[PDB]
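Read the structure below first, then the notes.
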Amino acid sequence: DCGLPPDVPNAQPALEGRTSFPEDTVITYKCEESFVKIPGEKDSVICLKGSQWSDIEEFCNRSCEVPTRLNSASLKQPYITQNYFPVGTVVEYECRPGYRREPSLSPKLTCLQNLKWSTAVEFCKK
Amino acid sequence: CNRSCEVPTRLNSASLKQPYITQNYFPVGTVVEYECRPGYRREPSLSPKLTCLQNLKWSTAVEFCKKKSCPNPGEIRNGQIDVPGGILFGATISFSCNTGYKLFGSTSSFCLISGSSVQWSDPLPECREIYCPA
Amino acid sequence: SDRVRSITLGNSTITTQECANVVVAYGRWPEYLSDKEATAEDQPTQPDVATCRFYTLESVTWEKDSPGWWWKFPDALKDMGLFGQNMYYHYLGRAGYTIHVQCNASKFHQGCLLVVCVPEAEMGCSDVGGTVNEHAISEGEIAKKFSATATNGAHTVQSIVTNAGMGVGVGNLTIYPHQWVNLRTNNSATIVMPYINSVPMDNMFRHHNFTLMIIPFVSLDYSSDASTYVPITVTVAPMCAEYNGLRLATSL
Amino acid sequence: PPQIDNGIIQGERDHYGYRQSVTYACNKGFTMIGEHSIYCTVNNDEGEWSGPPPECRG
């Protein structure tokens, strides 16, 4: 039986109310608030022989909230299904029915360093 | 039997609204209404209506639906973005790298419709430095 | 001291406390067109405050390896309020300019920028058999960036900085109206361009009268713990601007 | 003063009196949303903080 799984910065393991784990136990970590898991990385450990856990590296990082709902425009694919928006992420919008593009204005929002989306302009007008 | 204008000519920017889109009887004084096709958005100062005139022709077309534009393509470090005809719906742009750098990623991108708006098909590529042999 | 300089045009003022001097391009100040030199017959428009005022373009970020930036300046001001509108509604227009380039840093940063105003800076394509786009040579208020290496793109400019897009020596650019922003000496440069052309007025959409280039000759350097962000702002005030040939507005 | 997820109080003191302030700071990689600090109000002989502490979101 392994003891407590390793501490992972900005992640919390699901222990499910116990503190001793039989061999081959797989414990998964979930990122804490204001953190997003990094695609392509392990999020779990396993209790190996000799009462020892496998190693895990930090897999959580930063991002902006889901872009706020606009009455004039909707997120294009694939942004409309996404929830990971680290600093520097640029999404694109398209006009909702009832609106049409204002060609001189950009229909893109950038996730800024303060974890907020850039200023909204009327790129889709009534 | 009586008179009418032809079916309104096909516009790339706008399509007839219901019920006009199913109709074929358009006597003098008939006013139809359009709505913007994907890739376009309304120009609010302009009317999206056509009137059948006395000479059995539809009134003059104005750009009441204008092209929906894609975001600023931005910039590629140590590379360049070729934008040959604008960044509106349907546009094409292409990417290259300066001498001494190799392009990794997409070599082109198109402004295509994405749900409620228009977006670039592909993200900006990367220009990576090259190494000579030892 | 003569390091302080205020420039007031219209409802706009620029103060600078580290002025080098003011370059008046060829010793000539902008002037209105006279009768002995005019050719267009209708009465001109002279807004003279609504248009002759400082407009600030988007900044650029001086990094440690920036090759440089340029603007085609009759262009680049077409969204600037009533100057842009008068450019849109008239067939002919004419103006001189006060260019003011602002770049402050600390006494511990080092760098040198050449700020040139090149008349008729016609540019060449990266494909030596091809021709450029309008998007390749200008982007309005956005700066067009030079390159540190030869560019390979059809319909784009050869923007390696040593050739200035013009097929010349970059170090010879000092033949034109220029100033230097030396960080250890300056934080602003100002050139006063008159109207330069082979005709008294022209269309302000079709013809780029001059290009403003900002090229770092000595790179931006600072030791760590100092501010890594150094911006460069351009402020352009049309001067003695007039327009002829009023009609409906061009739709680019 | 209340503690906050993924943030700290900067040099928390034992006792906070009228108009004294508590300054919050988010941990590395977390973005502050809300007031950088809150202060002690006092009415009818009872103290109460001026409002909610900020959020630190990842």
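Please note that chains go A, B, ... in the order of the structure tokens, that every chain numbers its residues from 1, and that ligands are numbered from 1 in the order shown.
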
Q: Please identify all polymer residues within 12 Å of residue 116 in chain A, counting only C-alpha atoms, omitting same-chain residues fewer than 5 positions from it, and present them as a PyMOL selection string.
A: (chain A and resi 34+62-68+85-90+109-111) or (chain D and resi 31-33+57-58)

Any chance you could export the current selection's C-alpha atoms as a PDB file, in the first residue's frame?
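What ended up in result14.pdb:
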ATOM      1  CA  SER A  34      -8.029  29.846 -12.207  1.00  0.00           C
ATOM      2  CA  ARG A  62      -3.429  29.750 -16.843  1.00  0.00           C
ATOM      3  CA  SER A  63      -6.351  31.079 -19.024  1.00  0.00           C
ATOM      4  CA  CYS A  64      -9.240  33.621 -19.533  1.00  0.00           C
ATOM      5  CA  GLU A  65     -12.871  32.742 -18.836  1.00  0.00           C
ATOM      6  CA  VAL A  66     -15.129  31.571 -21.652  1.00  0.00           C
ATOM      7  CA  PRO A  67     -15.784  34.710 -23.739  1.00  0.00           C
ATOM      8  CA  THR A  68     -18.902  36.515 -22.550  1.00  0.00           C
ATOM      9  CA  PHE A  85      -7.727  30.122 -23.312  1.00  0.00           C
ATOM     10  CA  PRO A  86      -4.185  30.926 -22.133  1.00  0.00           C
ATOM     11  CA  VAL A  87      -2.750  34.418 -22.472  1.00  0.00           C
ATOM     12  CA  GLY A  88      -2.378  35.278 -26.145  1.00  0.00           C
ATOM     13  CA  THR A  89      -5.302  33.168 -27.352  1.00  0.00           C
ATOM     14  CA  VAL A  90      -7.250  34.848 -30.156  1.00  0.00           C
ATOM     15  CA  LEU A 109     -10.881  38.913 -29.168  1.00  0.00           C
ATOM     16  CA  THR A 110      -7.499  38.330 -27.533  1.00  0.00           C
ATOM     17  CA  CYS A 111      -6.961  36.917 -24.059  1.00  0.00           C
TER      18      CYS A 111
ATOM     19  CA  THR D  31      -5.308  36.381 -12.023  1.00  0.00           C
ATOM     20  CA  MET D  32      -6.841  38.847  -9.577  1.00  0.00           C
ATOM     21  CA  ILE D  33     -10.504  39.758 -10.078  1.00  0.00           C
ATOM     22  CA  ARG D  57      -8.702  32.590 -10.900  1.00  0.00           C
ATOM     23  CA  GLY D  58      -6.439  30.293 -12.891  1.00  0.00           C
TER      24      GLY D  58
END

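Selecting strand (DSSP E) from the backbone DSSP output for chain D yields residues 7, 8, 9, 21, 22, 23, 24, 25, 26, 31, 32, 33, 37, 38, 39, 40, 41, 42, 43, 46, 47, 48, 49, 55, 56 and 57 of chain D.
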
May I have the residues from that selection written out with N, CA, C and O atoms, as an mmCIF file, in the first residue's frame?
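Result file selection.cif:
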data_model
loop_
_atom_site.group_PDB
_atom_site.id
_atom_site.type_symbol
_atom_site.label_atom_id
_atom_site.label_comp_id
_atom_site.auth_asym_id
_atom_site.auth_seq_id
_atom_site.Cartn_x
_atom_site.Cartn_y
_atom_site.Cartn_z
ATOM 1 N N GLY D 7 -4.854 32.689 -3.131
ATOM 2 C CA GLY D 7 -4.278 33.971 -2.798
ATOM 3 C C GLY D 7 -3.952 34.019 -1.320
ATOM 4 O O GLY D 7 -4.298 33.111 -0.559
ATOM 5 N N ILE D 8 -3.275 35.094 -0.922
ATOM 6 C CA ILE D 8 -2.867 35.283 0.463
ATOM 7 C C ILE D 8 -3.279 36.677 0.916
ATOM 8 O O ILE D 8 -3.620 37.546 0.113
ATOM 9 N N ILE D 9 -3.249 36.866 2.227
ATOM 10 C CA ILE D 9 -3.258 38.192 2.826
ATOM 11 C C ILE D 9 -1.811 38.609 3.040
ATOM 12 O O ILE D 9 -1.003 37.826 3.545
ATOM 13 N N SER D 21 -6.973 48.258 6.752
ATOM 14 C CA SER D 21 -7.139 47.575 5.478
ATOM 15 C C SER D 21 -6.348 46.273 5.434
ATOM 16 O O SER D 21 -5.278 46.150 6.033
ATOM 17 N N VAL D 22 -6.897 45.303 4.703
ATOM 18 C CA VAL D 22 -6.268 44.008 4.461
ATOM 19 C C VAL D 22 -5.992 43.902 2.968
ATOM 20 O O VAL D 22 -6.923 43.972 2.160
ATOM 21 N N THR D 23 -4.728 43.711 2.601
ATOM 22 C CA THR D 23 -4.317 43.650 1.204
ATOM 23 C C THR D 23 -4.128 42.201 0.772
ATOM 24 O O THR D 23 -3.392 41.449 1.419
ATOM 25 N N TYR D 24 -4.783 41.822 -0.323
ATOM 26 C CA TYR D 24 -4.702 40.473 -0.864
ATOM 27 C C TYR D 24 -3.749 40.422 -2.052
ATOM 28 O O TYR D 24 -3.532 41.420 -2.741
ATOM 29 N N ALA D 25 -3.196 39.237 -2.292
ATOM 30 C CA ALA D 25 -2.290 39.003 -3.410
ATOM 31 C C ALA D 25 -2.493 37.582 -3.907
ATOM 32 O O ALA D 25 -2.560 36.647 -3.104
ATOM 33 N N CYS D 26 -2.596 37.418 -5.219
ATOM 34 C CA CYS D 26 -2.782 36.096 -5.795
ATOM 35 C C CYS D 26 -1.447 35.383 -5.950
ATOM 36 O O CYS D 26 -0.399 36.012 -6.126
ATOM 37 N N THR D 31 -4.921 35.044 -11.603
ATOM 38 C CA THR D 31 -5.308 36.381 -12.023
ATOM 39 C C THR D 31 -6.279 36.979 -11.016
ATOM 40 O O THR D 31 -7.296 36.359 -10.683
ATOM 41 N N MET D 32 -5.974 38.183 -10.543
ATOM 42 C CA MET D 32 -6.841 38.847 -9.577
ATOM 43 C C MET D 32 -8.074 39.450 -10.234
ATOM 44 O O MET D 32 -7.977 40.141 -11.248
ATOM 45 N N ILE D 33 -9.235 39.179 -9.646
ATOM 46 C CA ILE D 33 -10.504 39.758 -10.078
ATOM 47 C C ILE D 33 -11.205 40.275 -8.829
ATOM 48 O O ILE D 33 -11.710 39.482 -8.026
ATOM 49 N N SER D 37 -7.819 45.204 -1.969
ATOM 50 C CA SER D 37 -7.826 45.252 -0.516
ATOM 51 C C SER D 37 -9.231 45.583 -0.043
ATOM 52 O O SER D 37 -10.053 46.101 -0.804
ATOM 53 N N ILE D 38 -9.498 45.272 1.227
ATOM 54 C CA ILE D 38 -10.749 45.623 1.888
ATOM 55 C C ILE D 38 -10.419 46.225 3.245
ATOM 56 O O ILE D 38 -9.332 46.028 3.790
ATOM 57 N N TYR D 39 -11.376 46.967 3.793
ATOM 58 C CA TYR D 39 -11.119 47.714 5.012
ATOM 59 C C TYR D 39 -12.264 47.542 5.998
ATOM 60 O O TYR D 39 -13.389 47.187 5.635
ATOM 61 N N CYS D 40 -11.955 47.818 7.262
ATOM 62 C CA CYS D 40 -12.879 47.600 8.365
ATOM 63 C C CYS D 40 -13.831 48.781 8.506
ATOM 64 O O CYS D 40 -13.394 49.915 8.739
ATOM 65 N N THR D 41 -15.129 48.517 8.360
ATOM 66 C CA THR D 41 -16.183 49.463 8.703
ATOM 67 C C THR D 41 -16.702 49.157 10.105
ATOM 68 O O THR D 41 -16.578 48.037 10.605
ATOM 69 N N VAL D 42 -17.290 50.173 10.740
ATOM 70 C CA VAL D 42 -17.784 50.048 12.110
ATOM 71 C C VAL D 42 -19.091 50.814 12.231
ATOM 72 O O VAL D 42 -19.127 52.031 12.016
ATOM 73 N N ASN D 43 -20.163 50.106 12.591
ATOM 74 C CA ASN D 43 -21.460 50.724 12.815
ATOM 75 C C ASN D 43 -22.180 49.994 13.944
ATOM 76 O O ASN D 43 -22.041 48.780 14.106
ATOM 77 N N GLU D 46 -20.344 47.553 15.995
ATOM 78 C CA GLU D 46 -19.993 46.268 15.407
ATOM 79 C C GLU D 46 -19.177 46.498 14.146
ATOM 80 O O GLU D 46 -19.530 47.344 13.319
ATOM 81 N N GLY D 47 -18.086 45.751 14.009
ATOM 82 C CA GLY D 47 -17.237 45.864 12.839
ATOM 83 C C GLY D 47 -17.670 44.930 11.721
ATOM 84 O O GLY D 47 -18.269 43.883 11.955
ATOM 85 N N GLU D 48 -17.357 45.332 10.490
ATOM 86 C CA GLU D 48 -17.675 44.534 9.319
ATOM 87 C C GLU D 48 -16.796 44.995 8.168
ATOM 88 O O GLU D 48 -16.575 46.196 7.993
ATOM 89 N N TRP D 49 -16.309 44.038 7.388
ATOM 90 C CA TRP D 49 -15.441 44.371 6.272
ATOM 91 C C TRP D 49 -16.232 45.052 5.160
ATOM 92 O O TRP D 49 -17.433 44.818 4.987
ATOM 93 N N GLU D 55 -11.135 37.608 -6.072
ATOM 94 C CA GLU D 55 -10.974 36.250 -6.568
ATOM 95 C C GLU D 55 -9.613 36.108 -7.237
ATOM 96 O O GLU D 55 -9.139 37.036 -7.901
ATOM 97 N N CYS D 56 -8.993 34.945 -7.057
ATOM 98 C CA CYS D 56 -7.785 34.571 -7.776
ATOM 99 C C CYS D 56 -8.121 33.361 -8.638
ATOM 100 O O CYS D 56 -8.283 32.250 -8.121
ATOM 101 N N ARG D 57 -8.241 33.586 -9.944
ATOM 102 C CA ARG D 57 -8.702 32.590 -10.900
ATOM 103 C C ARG D 57 -7.537 32.135 -11.769
ATOM 104 O O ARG D 57 -6.675 32.941 -12.136
#

Which polymer residues have any atom within 7 Å of an atom of residue 20 in chain C, counting only C-alpha atoms, with same-chain residues fewer than 2 positions away left out, as a tab-separated table (two decimals) with N, CA, C and O atoms, in the first residue's frame?
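Below is the file part32.tsv, written as the result:
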chain	number	residue	atom	x	y	z
C	3	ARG	N	16.41	72.71	-24.97
C	3	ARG	CA	15.92	71.34	-24.98
C	3	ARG	C	14.41	71.26	-24.81
C	3	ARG	O	13.83	70.21	-25.08
C	18	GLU	N	13.36	67.20	-24.02
C	18	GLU	CA	14.63	66.74	-24.55
C	18	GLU	C	14.62	66.84	-26.06
C	18	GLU	O	14.90	65.89	-26.79
C	186	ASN	N	18.30	62.11	-26.49
C	186	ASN	CA	16.99	62.51	-26.98
C	186	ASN	C	15.89	61.69	-26.32
C	186	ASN	O	16.14	60.67	-25.68
C	189	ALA	N	12.08	63.39	-31.77
C	189	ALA	CA	12.54	64.03	-32.99
C	189	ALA	C	11.35	64.69	-33.67
C	189	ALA	O	10.22	64.25	-33.51

Q.
Need the shell around residue 65 in chain B: protein/DNA/RNA residues with any atom at most 8 Å away, counting only C-alpha atoms. Skip same-chain ones fewer than 3 positions apart. Format as a ChimeraX atom specification?
A. /A:100 /B:13-14,35-36,40-43,48

Q: Would you please work out which residue, of C:158, C:223, C:244, C:250, is nearest to chain B when using only C-alpha atoms?
A: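 Answer, going by the shortest atom-to-atom distance: C:158.
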
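The two atoms in question, CA of residue 7 in chain C and CA of residue 173 in chain C, are spaced 26.0 Å apart.
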
List every residue of chain C that has an atom at most 8 Å from any atom of chain B, giving for each one its closest atom pair and the distance in Å to one decimal, counting only C-alpha atoms, sorted by chain and then by ascending residue number, as JSON lines.
{"residue": "C:133", "atom": "CA", "partner": "B:84", "partner_atom": "CA", "distance": 6.6}
{"residue": "C:135", "atom": "CA", "partner": "B:83", "partner_atom": "CA", "distance": 6.8}
{"residue": "C:136", "atom": "CA", "partner": "B:82", "partner_atom": "CA", "distance": 7.7}
{"residue": "C:147", "atom": "CA", "partner": "B:78", "partner_atom": "CA", "distance": 7.3}
{"residue": "C:149", "atom": "CA", "partner": "B:99", "partner_atom": "CA", "distance": 5.6}
{"residue": "C:150", "atom": "CA", "partner": "B:99", "partner_atom": "CA", "distance": 5.3}
{"residue": "C:151", "atom": "CA", "partner": "B:98", "partner_atom": "CA", "distance": 4.5}
{"residue": "C:152", "atom": "CA", "partner": "B:98", "partner_atom": "CA", "distance": 5.9}
{"residue": "C:153", "atom": "CA", "partner": "B:96", "partner_atom": "CA", "distance": 6.4}
{"residue": "C:154", "atom": "CA", "partner": "B:82", "partner_atom": "CA", "distance": 7.5}
{"residue": "C:155", "atom": "CA", "partner": "B:82", "partner_atom": "CA", "distance": 7.0}
{"residue": "C:156", "atom": "CA", "partner": "B:82", "partner_atom": "CA", "distance": 6.6}

Range 29-124 of chain C near range 227-231 of chain C within 7 Å: what's each residue's closest atom pair and its distance in Å to one decimal, counting only C-alpha atoms, ordered by chain then ascending residue number, as a Markdown table?
| residue | atom | partner | partner_atom | distance |
| --- | --- | --- | --- | --- |
| C:59 | CA | C:231 | CA | 6.1 |
| C:60 | CA | C:231 | CA | 5.5 |
| C:61 | CA | C:231 | CA | 4.5 |
| C:62 | CA | C:230 | CA | 5.4 |
| C:103 | CA | C:231 | CA | 6.2 |
| C:105 | CA | C:230 | CA | 6.6 |

Q. Of the residues A:103, A:98, A:80, A:126, which is the one nearest to chain C, using only C-alpha atoms?
A.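 Closest residue, counting only C-alpha atoms: A:103.
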
(Q) Env of range 67-72 of chain B: 7 Å cut, atoms = only C-alpha atoms, seq-sep filter 5 positions within chain, self excluded. Answer as a VMD selection string. (A) (chain A and resid 100 to 103 106 to 108) or (chain B and resid 39 to 41 87 to 89 111 118 to 120)

Please write the residues from the selection above to a file, keeping N, CA and C atoms, as an mmCIF file, in the first residue's frame.
data_model
loop_
_atom_site.group_PDB
_atom_site.id
_atom_site.type_symbol
_atom_site.label_atom_id
_atom_site.label_comp_id
_atom_site.auth_asym_id
_atom_site.auth_seq_id
_atom_site.Cartn_x
_atom_site.Cartn_y
_atom_site.Cartn_z
ATOM 1 N N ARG A 100 -25.003 42.023 -39.230
ATOM 2 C CA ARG A 100 -24.074 41.825 -40.333
ATOM 3 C C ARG A 100 -22.742 42.467 -39.970
ATOM 4 N N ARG A 101 -21.686 42.029 -40.650
ATOM 5 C CA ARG A 101 -20.341 42.473 -40.307
ATOM 6 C C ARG A 101 -20.149 43.955 -40.608
ATOM 7 N N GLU A 102 -19.465 44.644 -39.697
ATOM 8 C CA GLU A 102 -18.900 45.958 -39.968
ATOM 9 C C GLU A 102 -17.475 45.740 -40.466
ATOM 10 N N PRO A 103 -17.241 45.819 -41.778
ATOM 11 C CA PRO A 103 -15.958 45.339 -42.326
ATOM 12 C C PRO A 103 -14.729 46.058 -41.790
ATOM 13 N N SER A 106 -12.514 44.437 -36.550
ATOM 14 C CA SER A 106 -12.074 43.057 -36.403
ATOM 15 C C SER A 106 -13.081 42.260 -35.576
ATOM 16 N N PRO A 107 -13.379 41.023 -35.976
ATOM 17 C CA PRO A 107 -14.262 40.178 -35.162
ATOM 18 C C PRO A 107 -13.494 39.206 -34.279
ATOM 19 N N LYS A 108 -12.370 39.645 -33.721
ATOM 20 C CA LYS A 108 -11.509 38.789 -32.915
ATOM 21 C C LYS A 108 -11.296 39.390 -31.535
ATOM 22 N N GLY B 39 -21.360 35.204 -44.331
ATOM 23 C CA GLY B 39 -20.255 35.998 -44.802
ATOM 24 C C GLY B 39 -20.534 37.486 -44.895
ATOM 25 N N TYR B 40 -21.800 37.895 -44.848
ATOM 26 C CA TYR B 40 -22.183 39.293 -44.954
ATOM 27 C C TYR B 40 -22.971 39.709 -43.717
ATOM 28 N N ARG B 41 -23.027 41.021 -43.480
ATOM 29 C CA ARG B 41 -23.830 41.585 -42.404
ATOM 30 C C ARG B 41 -24.502 42.853 -42.911
ATOM 31 N N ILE B 87 -9.367 40.931 -46.463
ATOM 32 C CA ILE B 87 -9.555 39.935 -45.416
ATOM 33 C C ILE B 87 -11.041 39.682 -45.190
ATOM 34 N N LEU B 88 -11.857 39.962 -46.201
ATOM 35 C CA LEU B 88 -13.289 39.749 -46.092
ATOM 36 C C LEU B 88 -13.634 38.273 -46.300
ATOM 37 N N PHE B 89 -14.909 37.953 -46.081
ATOM 38 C CA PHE B 89 -15.423 36.602 -46.281
ATOM 39 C C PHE B 89 -14.975 36.037 -47.623
ATOM 40 N N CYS B 111 -10.640 33.036 -45.059
ATOM 41 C CA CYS B 111 -11.723 33.613 -44.271
ATOM 42 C C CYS B 111 -13.006 32.873 -44.616
ATOM 43 N N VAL B 118 -17.362 35.033 -39.241
ATOM 44 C CA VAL B 118 -16.345 34.483 -40.123
ATOM 45 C C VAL B 118 -15.026 34.471 -39.369
ATOM 46 N N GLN B 119 -14.221 33.438 -39.602
ATOM 47 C CA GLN B 119 -12.953 33.272 -38.908
ATOM 48 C C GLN B 119 -11.931 32.701 -39.874
ATOM 49 N N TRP B 120 -10.658 32.821 -39.504
ATOM 50 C CA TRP B 120 -9.590 32.268 -40.323
ATOM 51 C C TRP B 120 -9.567 30.750 -40.194
#

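Every protein or nucleic acid residue with an atom no more than 12 Å from residue 79 in chain C, counting only C-alpha atoms and leaving out same-chain residues fewer than 6 positions away, appears here: residues 104 of chain A; 51, 55, 56, 57, 85, 86, 87, 88, 139, 140, 141 and 142 of chain C.
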
Dump of N, CA, C and O atoms for the selected residues, as a compact mmCIF listing (two decimals), in the first residue's frame:
# COMPACT_ATOMS: atom_id res chain seq x y z
N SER A 104 -14.85 47.32 -41.37
CA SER A 104 -13.67 48.03 -40.87
C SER A 104 -13.25 47.56 -39.49
O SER A 104 -12.18 47.97 -39.02
N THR C 51 -8.40 70.07 -39.45
CA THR C 51 -7.49 69.13 -40.09
C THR C 51 -6.03 69.35 -39.72
O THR C 51 -5.26 68.40 -39.74
N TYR C 55 -2.23 64.15 -34.85
CA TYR C 55 -2.89 62.86 -34.80
C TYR C 55 -1.85 61.83 -34.38
O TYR C 55 -0.75 61.82 -34.91
N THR C 56 -2.21 60.97 -33.45
CA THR C 56 -1.28 60.00 -32.91
C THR C 56 -1.60 58.63 -33.49
O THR C 56 -2.73 58.16 -33.38
N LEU C 57 -0.61 58.00 -34.12
CA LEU C 57 -0.79 56.66 -34.63
C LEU C 57 -0.53 55.65 -33.53
O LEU C 57 -0.08 55.99 -32.43
N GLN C 85 -11.81 62.70 -43.65
CA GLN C 85 -13.04 62.95 -44.40
C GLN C 85 -12.79 63.87 -45.59
O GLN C 85 -13.31 63.63 -46.69
N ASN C 86 -12.00 64.92 -45.40
CA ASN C 86 -11.68 65.81 -46.51
C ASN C 86 -10.82 65.12 -47.55
O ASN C 86 -10.87 65.50 -48.73
N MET C 87 -10.02 64.14 -47.16
CA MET C 87 -9.34 63.32 -48.15
C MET C 87 -10.34 62.50 -48.94
O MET C 87 -10.15 62.25 -50.14
N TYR C 88 -11.41 62.06 -48.29
CA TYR C 88 -12.36 61.19 -48.95
C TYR C 88 -13.26 61.94 -49.93
O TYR C 88 -13.61 61.42 -50.98
N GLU C 139 -0.29 50.10 -44.31
CA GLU C 139 -1.36 49.51 -43.52
C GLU C 139 -2.09 50.56 -42.71
O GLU C 139 -2.59 50.27 -41.62
N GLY C 140 -2.18 51.77 -43.22
CA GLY C 140 -2.85 52.82 -42.48
C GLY C 140 -2.03 53.22 -41.27
O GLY C 140 -0.84 53.49 -41.38
N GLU C 141 -2.68 53.26 -40.11
CA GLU C 141 -1.98 53.65 -38.90
C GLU C 141 -1.00 52.59 -38.44
O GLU C 141 -0.04 52.90 -37.73
N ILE C 142 -1.23 51.33 -38.82
CA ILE C 142 -0.31 50.26 -38.47
C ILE C 142 1.01 50.47 -39.17
O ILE C 142 1.07 50.92 -40.33

Q. Can you tell me, as a ChimeraX atom specification, what residues are no more than 8 Å from range 40-44 of chain A when counting only C-alpha atoms, ignoring any on the same chain fewer than 4 positions away?
A. /A:26-30,56-57,59

**Q.** Atomic separation - CA of residue 63 in chain C relative to CA of residue 190 in chain C, Å
**A.**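 We find that CA of residue 190 in chain C and CA of residue 63 in chain C lie 22.0 Å from each other.
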
Q) Between D:50, D:35, D:29, D:45, which has the minimum distance to residue 36 in chain A (counting only C-alpha atoms)? A) D:29
